[PDB]
Amino acid sequence: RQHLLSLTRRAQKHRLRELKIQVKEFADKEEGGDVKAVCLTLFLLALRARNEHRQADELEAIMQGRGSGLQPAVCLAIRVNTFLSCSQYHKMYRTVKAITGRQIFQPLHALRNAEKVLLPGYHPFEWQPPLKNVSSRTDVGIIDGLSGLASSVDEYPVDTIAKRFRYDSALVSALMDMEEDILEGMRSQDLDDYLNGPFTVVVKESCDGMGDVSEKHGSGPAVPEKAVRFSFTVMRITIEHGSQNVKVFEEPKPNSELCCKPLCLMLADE
Amino acid sequence: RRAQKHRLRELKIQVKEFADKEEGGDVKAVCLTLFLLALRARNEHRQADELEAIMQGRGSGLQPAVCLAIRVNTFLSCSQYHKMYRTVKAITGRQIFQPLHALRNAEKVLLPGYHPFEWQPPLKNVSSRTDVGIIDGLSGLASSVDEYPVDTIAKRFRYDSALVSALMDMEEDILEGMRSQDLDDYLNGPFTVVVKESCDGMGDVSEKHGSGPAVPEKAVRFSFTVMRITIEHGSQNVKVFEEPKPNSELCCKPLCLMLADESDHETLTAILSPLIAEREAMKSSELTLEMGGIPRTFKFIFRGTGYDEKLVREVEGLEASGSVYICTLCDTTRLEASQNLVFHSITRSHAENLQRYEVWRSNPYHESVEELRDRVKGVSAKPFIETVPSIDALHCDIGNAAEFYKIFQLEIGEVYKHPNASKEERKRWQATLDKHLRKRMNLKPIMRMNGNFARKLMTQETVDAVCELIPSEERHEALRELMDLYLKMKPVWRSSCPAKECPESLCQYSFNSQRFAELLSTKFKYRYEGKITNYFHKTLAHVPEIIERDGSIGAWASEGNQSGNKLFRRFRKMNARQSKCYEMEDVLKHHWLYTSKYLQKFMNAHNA
Ligand SMILES: [Ca+2]
Ligand SMILES: [Ca+2]
Ligand SMILES: [Ca+2]
Ligand SMILES: [Zn+2]
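Residues numbered from 1 in each chain as written, not as in the entry; some residues may be left out. Chains lettered and ligands numbered in written order. Part of a larger assembly, values for the part shown. Heavy atoms only, no water. Residues with missing side-chain atoms left out of burial classes, pairs and counts.

With the PDB entry as reference, chain B is termed V(D)J recombination-activating protein 1, source organism Mus musculus. Chain B has a UniProt comment under Catalytic activity that states "S-ubiquitinyl-[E2 ubiquitin-conjugating enzyme]-L-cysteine + [acceptor protein]-L-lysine = [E2 ubiquitin-conjugating enzyme]-L-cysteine + N(6)-ubiquitinyl-[acceptor protein]-L-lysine." Chain B has a UniProt comment under Subunit that states "Homodimer. Component of the RAG complex composed of core components RAG1 and RAG2, and associated component HMGB1 or HMGB2. Interacts with DCAF1, leading to recruitment of the CUL4A-RBX1-DDB1-DCAF1/VPRBP complex to ubiquitinate proteins and limit error-prone repair during V(D)J recombination." (UniProt positions renumbered as here; feature names shortened; annotations may be inferred.)

Going by the PDB entry, chain A carries the name V(D)J recombination-activating protein 1 and comes from Mus musculus.

(A) Spatial organisation of the sheet that holds strand β7 (residues 246–250) of chain A. Residues and elements named next belong to chain A. Taken in spatial order, the three strands make up an open sheet running β3-β6-β7, and their pairing is antiparallel. Every interior strand has two partners, whereas the edge strands, β3 (200–203) and β7, have only one. Taken over all neighbouring pairs, the strand axes of this sheet differ in orientation by 20 degrees on average, direction set aside. With four bridges joining them, strand β6 (residues 234–239) and β7 adopt antiparallel strand pairing. By the bridge assignment, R236 is partnered in β7 with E250. Across the sheet, helix α9 (residues 179–188) is in contact with β6 and β7; its angle to β7 comes to roughly 145 degrees. (Pairing = 2+ DSSP bridges. Helix = DSSP H or I, 4+ residues; strand = E, 2+ residues; numbered from the N terminus. Axes fitted to C-alpha atoms, helices over the stretch in contact; angles between N-to-C directions. Contact = heavy atoms within 4.5 Å.)

(B) Region of interest: the coordination of the calcium ion (ligand 3). Distances from the calcium ion (ligand 3) to its protein donors, B:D200 (OD) and B:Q562 (OE1), fall at 2.3 to 2.5 Å. The exposure class assigned to B:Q562 is partly exposed, which follows from its relative accessible area of 33%. (Donors = N, O, S within 2.8 Å, 3.2 Å for Na, K, Ca; no water. Buried < 20%, exposed > 50% of the residue type's maximum accessible area, 1.4 Å probe, protein only.)

(C) Region of the structure containing the interface of chain A and chain B. Contacts between the two partners involve 61 residues from chain A and, on the opposite side, 61 residues from chain B. Mapped onto the side of chain A that touches chain B, the elements with two or more residues apiece are α1 (9–15), α2 (17–30), α3 (36–48), α4 (53–63), α5 (72–81) and α6 (86–100) of chain A. Per-element accounting of the side of chain A that touches chain B gives the leading share, eleven residues, to α3(A). Class assignment of the residues belonging to the side of chain A that touches chain B gives a composition of 26 nonpolar, 18 polar and 17 charged. (Nonpolar A, V, L, I, M, F, W, Y, C, P; charged D, E, K, R; others polar.)

(D) Here's a closer look at empty space enclosed by the protein. Residues and elements named next belong to chain B. Estimated volume of the largest cavity: approximately 90 Å³. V312, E316, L318, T328, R348, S349, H350, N353, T387, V388, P389 and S390 are the residues that line the largest cavity. Elements that contribute at least two residues to the lining of the largest cavity include exactly α10 (309–316) and α12 (350–362). Looking at the lining of the largest cavity, its residues break down into four nonpolar, six polar and two charged. (1 Å grid on protein atoms, 1.4 Å probe; cavity = no way out; pocket = protein on both sides within 12 Å on 5 of 7 lines; lining within 4 Å. Points joined across faces, edges and corners; volume = space filled by probe spheres on them.)

(E) Structural detail: unusual backbone geometry. The residue after A:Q128, namely A:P129, is reached through a cis peptide bond having omega -5 degrees. If you trace the backbone, A:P129 turns up in the loop between α7 (109–116) and β1 (142–144). Of note, B:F75 is a non-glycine position whose phi angle comes to about 70 degrees, a positive value. Its location among the elements puts B:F75 in the loop between α4 (64–72) and α5 (78–92). Taking relative accessible area as the criterion, B:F75 reaches 9% and is therefore assigned buried. Look at B:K377: it is not a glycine, yet its phi comes out positive at around 40 degrees. Its place among the elements puts B:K377 in the loop between α13 (369–375) and α14 (394–412).

(F) Looking closely at the packing of aromatic side chains. All names here are of chain B. Here the structure, examined in full by the defined rule, presents 23 aromatic pairs over all chains. A network of ring pairs unites the aromatic residues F404, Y486, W493, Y509, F516, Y528 and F536 as a single cluster. The aromatic ring of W592 is capped on one face by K253, whose charged end is 4.7 Å from the ring centroid. Against the face of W556 rests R303, its NZ or CZ located 5.4 Å from the ring centre. (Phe/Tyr/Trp six-rings, centres within 6.5 Å; stacked < 30°, edge-to-face > 60°. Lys NZ or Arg CZ within 6 Å of the ring centre and 35° of its normal.)

Printed below as a string of structure tokens:
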């Protein structure tokens, strides 16, 4: 009844009960069941009466997800490319939060969710004609690499732990990881962005056995331990537009450490 | 814009008339709280709180101390921190994190050799400069082809500079302490500081850079910990400050660190002679140091306690640990320890050690070696550091737990009935106990007995399990009672303040240890007839007096240093320059930072 900075959440509630009544009724009858946008514009106008387009634009930005927010993909990029771990990222998160007051970084589960979108096994795709001897599922993630290899005391002994992606799902993920660049190159070559022609991809796959990936996690020089990575890269995407082929996309630096996507990891002598 | 103006002018006139009449025309805060609550309704507390901030107006970014705290308590490199910085700056558009040079400037303040201080009287043989930070630990040790070849890289702070930086690091905390104790902020009483000393020779601090597991290299880190600060208000000493977690990873301030075996006694003494000179100089002086305006007079008490038995015996001039003179507190023989279990006193100081070494080297009464060594109770070396008579706690409970593990392996085999077996039934007994315990408690056995193993093994349940492996009828109770008493005893020393954590155990400890001694002496004489291990002498006979002399036993222990070893390795590979000269002062600087407190109360801001 007196002021509002000191009036608590429910004290203000009882102060403007009737404000809330009128605004909610008018909103959900005029905008067809909505109150967010109307109270948003209401506060924008009632603060812009004091010509504060700085704060107006800042608030429209936070409503547009751009500014002091770090959308989860961005924080995931930082945590990956900075080699942070989850406990350390949580330390930094809570510290920046408690000091600033804002929430500049995003919590861990908002990174797991934004990660699920970037691995393989998320998008719906379909082959034609369907792939012989290949499954039809579309949520196939990290398969065991042995591929159901017979592992008992009766068959040829094998202890090489190995993980991999399914080739088709990983290739689909690698393509929808660069959808944006595909579309940008499509525009740049003066092509109708609404096109679905037979895009000819050109991939370059390569395995290379590395040596001595073992360490010293303890008091002992454990053993020589070798690994083998099979990997690939989307070298060049072309389309058969008109009567010719045009590079919708060409890899800038083909043989770079961060354009060679991993596909299979095994611990075995090459 | 014009569109929404038209669309909403009705609500406009409605809300404006109603809010102008209701609260007096303060539509600003009214509509503010309106949209706040409306947006919170749909669980948008993120956007609601950031809008509360944007209207309040505050702290869009951080200040350099916080960024420094983050990259130190997160172990970021400089390339990585810069990468994160520029990413956030380009995405947000603001500048939340601070550039690297800002963090170097905010770092120059928290390292030692920044503040002014004044010793009065001056420190004998110590310089008077105040800006001496990281200096070569060899202290100008002559290194030519003609000298005793030394090759140990070693960095150190000057001891007084280190203490000055620690004190003006915990300035805010001890000011808050005086506030809480109903004293004056502007009081300059002679603050007596009580510092703990701890040196521990961590080993195998190397890593394979290329091919070849050849060389193992060791290290030594000498460090201290401000343990309490106490002003003498009027005619009483009030505890302005006490360390919450005394033997903790991150209050053991590093002071000196070197790459050299802990038992390379010449090198060790070459490195630690200057430090001992400095800590002997600053025992008859008073640090004058302006702290929050007004200047204060500090006055120190050093206590060397973070020493495992090995270094205690090495740097006090005592025979190696497997001698006949077992206790480093009382001069008694192992045989006489087993005859008389708990009646000993504490009678081995440092001045006594020096004087006995003088007796040895001089040999005043002209007697052969085997009665001279009785005269000098096993002191045949010149004492080097002044440590105090005390028992470690970590190694104490580990040793006692290993001895119970041995007793278990013996009871399984019923060594009492048929003694003197061979060295195959021994391993059989061991594997039996191992398989049995791994089956019953998922307690997978290991060789280097750590603290988790000792923690799990020393439980009434473990004896209740292993009791199902002895054909006897009474060894059951003869282990049950034994474990009962050992557990009634463990908190007394393991506690960081047994006076106000378990005073019943403390007032019964004498009776419990005496009964424990009787029980070992009667139902276990087949083992403790001669040899009794050192820790079953310390634990049994000296705890109820180490308590009355120092308070606790758990606080004055080496755990704080034993943990820091982790950090070292990490730093040495993640934050260093491989230069073999800079590569060690970097580790030492970063460890000093990590151990700071003006940053731990930033990385603990989420709680408060
Ligand atoms: Ca190769
Ligand atoms: Ca040691
Ligand atoms: Ca150690
Ligand atoms: Zn003793």
